[PDB]
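Trainee: Please find data-v2.txt (compact mmCIF, C-alpha atoms and all ligand atoms) on the next line:
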# COMPACT_ATOMS: atom_id res chain seq x y z
CA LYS A 19 30.29 16.86 -78.10
CA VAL A 20 29.31 19.85 -75.97
CA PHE A 21 25.52 19.70 -75.55
CA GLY A 22 23.28 22.71 -75.33
CA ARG A 23 21.23 22.97 -72.14
CA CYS A 24 17.81 22.22 -73.66
CA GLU A 25 19.35 19.71 -76.06
CA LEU A 26 20.76 17.61 -73.20
CA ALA A 27 17.52 17.94 -71.20
CA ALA A 28 15.65 16.47 -74.18
CA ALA A 29 18.18 13.69 -74.75
CA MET A 30 18.06 12.84 -71.05
CA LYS A 31 14.25 12.73 -71.13
CA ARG A 32 14.53 10.79 -74.37
CA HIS A 33 16.48 8.14 -72.40
CA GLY A 34 14.18 7.89 -69.35
CA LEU A 35 16.07 10.04 -66.84
CA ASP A 36 13.29 12.55 -66.07
CA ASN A 37 11.93 11.70 -62.58
CA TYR A 38 14.01 8.51 -62.56
CA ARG A 39 14.09 7.38 -58.89
CA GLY A 40 12.15 10.58 -58.18
CA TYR A 41 14.82 13.01 -59.44
CA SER A 42 13.30 15.62 -61.72
CA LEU A 43 14.99 16.44 -65.02
CA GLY A 44 16.40 19.67 -63.62
CA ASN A 45 18.52 17.63 -61.20
CA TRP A 46 20.33 15.72 -63.95
CA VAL A 47 20.97 18.77 -66.15
CA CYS A 48 22.25 20.72 -63.13
CA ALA A 49 24.57 17.82 -62.25
CA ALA A 50 25.83 17.56 -65.83
CA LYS A 51 26.59 21.30 -65.95
CA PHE A 52 28.82 21.26 -62.87
CA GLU A 53 30.39 17.84 -63.55
CA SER A 54 31.27 18.29 -67.23
CA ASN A 55 29.94 21.67 -68.44
CA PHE A 56 27.83 19.54 -70.85
CA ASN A 57 30.95 18.05 -72.53
CA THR A 58 30.74 14.31 -73.22
CA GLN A 59 34.53 14.10 -73.61
CA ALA A 60 35.25 15.36 -70.10
CA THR A 61 37.74 13.36 -68.02
CA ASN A 62 39.20 14.08 -64.59
CA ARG A 63 41.86 12.12 -62.73
CA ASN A 64 41.12 11.52 -59.04
CA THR A 65 43.53 11.33 -56.13
CA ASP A 66 43.03 7.58 -55.64
CA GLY A 67 44.23 6.93 -59.21
CA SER A 68 40.70 6.45 -60.56
CA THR A 69 39.26 8.67 -63.32
CA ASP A 70 35.84 10.28 -63.93
CA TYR A 71 34.42 10.03 -67.44
CA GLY A 72 31.86 11.83 -69.50
CA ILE A 73 28.84 14.01 -69.13
CA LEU A 74 28.10 12.83 -65.57
CA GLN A 75 31.73 12.12 -64.58
CA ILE A 76 31.25 8.41 -63.84
CA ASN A 77 34.14 6.96 -61.86
CA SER A 78 36.32 3.97 -62.74
CA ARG A 79 36.73 2.85 -59.10
CA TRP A 80 33.30 1.15 -59.24
CA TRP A 81 31.38 1.61 -62.45
CA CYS A 82 33.46 1.16 -65.63
CA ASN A 83 36.70 -0.44 -66.84
CA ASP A 84 39.72 1.55 -68.00
CA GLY A 85 42.35 -1.09 -67.26
CA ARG A 86 44.22 1.25 -64.93
CA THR A 87 42.37 1.40 -61.62
CA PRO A 88 43.98 -1.34 -59.49
CA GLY A 89 41.36 -3.19 -57.44
CA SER A 90 38.38 -1.55 -59.14
CA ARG A 91 35.05 -3.00 -60.27
CA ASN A 92 33.09 -2.56 -63.48
CA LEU A 93 29.50 -2.76 -62.24
CA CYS A 94 28.03 -1.08 -65.34
CA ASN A 95 30.05 -3.63 -67.37
CA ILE A 96 31.35 -1.14 -69.95
CA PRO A 97 34.65 0.33 -71.03
CA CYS A 98 34.97 3.84 -69.65
CA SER A 99 35.61 5.07 -73.20
CA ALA A 100 31.96 4.33 -74.04
CA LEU A 101 31.10 7.07 -71.53
CA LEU A 102 32.84 9.68 -73.70
CA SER A 103 30.56 9.19 -76.71
CA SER A 104 28.44 11.86 -78.37
CA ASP A 105 25.57 9.38 -77.78
CA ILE A 106 24.71 9.56 -74.08
CA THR A 107 22.97 6.17 -73.83
CA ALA A 108 25.75 4.44 -71.88
CA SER A 109 26.17 7.33 -69.43
CA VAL A 110 22.41 7.38 -68.83
CA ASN A 111 22.16 3.62 -68.29
CA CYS A 112 25.11 3.66 -65.91
CA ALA A 113 23.70 6.72 -64.11
CA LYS A 114 20.50 4.75 -63.51
CA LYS A 115 22.47 2.04 -61.76
CA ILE A 116 24.50 4.48 -59.62
CA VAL A 117 21.45 6.45 -58.47
CA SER A 118 19.72 3.19 -57.45
CA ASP A 119 22.48 1.98 -55.12
CA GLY A 120 21.26 3.61 -51.91
CA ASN A 121 22.54 7.20 -51.76
CA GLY A 122 20.41 8.60 -54.59
CA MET A 123 22.10 11.45 -56.37
CA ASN A 124 24.40 12.15 -53.41
CA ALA A 125 26.69 9.75 -55.27
CA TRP A 126 27.58 12.91 -57.26
CA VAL A 127 29.36 15.22 -54.80
CA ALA A 128 28.79 18.11 -57.21
CA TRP A 129 25.02 17.51 -57.11
CA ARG A 130 24.99 17.51 -53.29
CA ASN A 131 27.22 20.59 -53.05
CA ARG A 132 25.77 22.63 -55.95
CA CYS A 133 22.30 21.41 -56.97
CA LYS A 134 20.69 19.88 -53.87
CA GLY A 135 18.25 22.32 -52.30
CA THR A 136 18.41 24.88 -55.12
CA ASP A 137 15.81 25.77 -57.76
CA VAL A 138 16.85 23.03 -60.19
CA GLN A 139 13.82 23.55 -62.45
CA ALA A 140 15.59 26.67 -63.72
CA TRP A 141 17.93 24.32 -65.60
CA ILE A 142 15.06 23.23 -67.91
CA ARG A 143 13.00 26.44 -67.80
CA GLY A 144 12.12 27.63 -71.29
CA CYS A 145 13.09 24.38 -73.04
CA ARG A 146 10.77 22.50 -75.35
CL CL A 201 13.05 19.96 -62.72
CL CL A 202 41.40 -1.51 -63.86
CL CL A 203 16.61 9.03 -53.25
NA NA A 204 37.00 -0.07 -63.05
Can you give me the file's structure in the form of structure tokens?
Mentor:
Amino acid sequence: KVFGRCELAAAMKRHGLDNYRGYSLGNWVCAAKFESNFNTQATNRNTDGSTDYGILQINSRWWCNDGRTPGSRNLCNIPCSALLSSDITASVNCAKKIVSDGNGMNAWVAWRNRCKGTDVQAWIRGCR
């Protein structure tokens, strides 16, 4: 499923992401845009053999199991395929654990490079 901008903002707020760990809703929508273009089925193979999955491009090296990342962990304790669902609950719950591990949203390189320090409230402006 490709979410609309306001539709994802609402679903993210629905699931407790707005101001989670102090990161306003605009930050998560902005990150989703540049990670996945709002597509839950997005996947991207990394150099190290790991793979990013879903709306927030959550990586198999640490966070989910795909059975093909030698020496990886599964700290969200989910199959990576659950991160590709039209229902964003598993991506949101895993995102909560990633953003709590010390680096905040810098864990998403695309957020640091493309959302950090910008006017992220524009990404929810006009939405209900
Ligand atoms: Cl915001
Ligand atoms: Cl694996
Ligand atoms: Cl932080
Ligand atoms: Na893994």
Trainee: Just give me the gap between atom CA of residue 72 of chain A and atom CA of residue 54 of chain A in Å, one decimal is fine.
Mentor: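 Separating atom CA of residue 72 of chain A from atom CA of residue 54 of chain A is a distance of 6.9 Å.
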Trainee: Can you tell me how far atom CA of residue 117 of chain A sits from atom CA of residue 50 of chain A, in Å to one decimal?
Mentor: 14.0 Å
Trainee: Name each residue within 7 Å of ligand CL 202 (chain A), counting only C-alpha atoms and all ligand atoms, as a list in words.
Mentor: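 After applying the 7 Å limit, what remains is residues 83, 84, 85, 86, 87, 88, 89 and 90 of chain A.
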Trainee: Grab the atom CA of residue 75 of chain A to atom CA of residue 62 of chain A distance for me, in Å with one decimal place.
Mentor: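 Separation between atom CA of residue 75 of chain A and atom CA of residue 62 of chain A: 7.7 Å.
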Trainee: Here is a test: counting all atoms listed in the file, which residue of A:58, A:53, A:146, A:129 is nearest to residue 105 of chain A?
Mentor: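 Nearest to residue 105 of chain A: A:58.
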Trainee: Ligand CL 203 (chain A): which residues are within 10 Å, counting all atoms listed in the file, as an MDAnalysis selection string?
Mentor: chainID A and resid 38:41 117:124
Trainee: Could I get the residue neighbourhood of ligand NA 204 (chain A) at 12 Å, counting only C-alpha atoms and all ligand atoms, as a compact mmCIF listing (two decimals) with C-alpha atoms, in the frame of the given file?
Mentor:
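Output file selection-v8.txt follows:
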# COMPACT_ATOMS: atom_id res chain seq x y z
CA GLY A 67 44.23 6.93 -59.21
CA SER A 68 40.70 6.45 -60.56
CA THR A 69 39.26 8.67 -63.32
CA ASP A 70 35.84 10.28 -63.93
CA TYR A 71 34.42 10.03 -67.44
CA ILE A 76 31.25 8.41 -63.84
CA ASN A 77 34.14 6.96 -61.86
CA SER A 78 36.32 3.97 -62.74
CA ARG A 79 36.73 2.85 -59.10
CA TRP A 80 33.30 1.15 -59.24
CA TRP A 81 31.38 1.61 -62.45
CA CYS A 82 33.46 1.16 -65.63
CA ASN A 83 36.70 -0.44 -66.84
CA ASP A 84 39.72 1.55 -68.00
CA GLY A 85 42.35 -1.09 -67.26
CA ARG A 86 44.22 1.25 -64.93
CA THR A 87 42.37 1.40 -61.62
CA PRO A 88 43.98 -1.34 -59.49
CA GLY A 89 41.36 -3.19 -57.44
CA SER A 90 38.38 -1.55 -59.14
CA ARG A 91 35.05 -3.00 -60.27
CA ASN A 92 33.09 -2.56 -63.48
CA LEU A 93 29.50 -2.76 -62.24
CA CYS A 94 28.03 -1.08 -65.34
CA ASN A 95 30.05 -3.63 -67.37
CA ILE A 96 31.35 -1.14 -69.95
CA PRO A 97 34.65 0.33 -71.03
CA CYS A 98 34.97 3.84 -69.65
CA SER A 99 35.61 5.07 -73.20
Trainee: Name the residues, using the chain letters and numbers of the file, that sit within 10 Å of (22.5, 7.1, -67.5) when counting all atoms listed in the file, and give them as JSON, numbers by chain.
Mentor: {"A": [30, 33, 34, 35, 38, 46, 73, 74, 76, 101, 106, 107, 108, 109, 110, 111, 112, 113, 114, 115, 116, 117]}
Trainee: Within 8 Å of ligand CL 201 (chain A), counting all atoms listed in the file, which protein or nucleic acid residues do you find, written as a PyMOL selection string?
Mentor: chain A and resi 41-45+138-142
Trainee: Could you turn the residues from that selection into a file that holds C-alpha atoms, as a tab-separated table (two decimals), in the coordinates of the input?
Mentor:
chain	number	residue	atom	x	y	z
A	41	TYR	CA	14.82	13.01	-59.44
A	42	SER	CA	13.30	15.62	-61.72
A	43	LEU	CA	14.99	16.44	-65.02
A	44	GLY	CA	16.40	19.67	-63.62
A	45	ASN	CA	18.52	17.63	-61.20
A	138	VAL	CA	16.85	23.03	-60.19
A	139	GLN	CA	13.82	23.55	-62.45
A	140	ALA	CA	15.59	26.67	-63.72
A	141	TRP	CA	17.93	24.32	-65.60
A	142	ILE	CA	15.06	23.23	-67.91
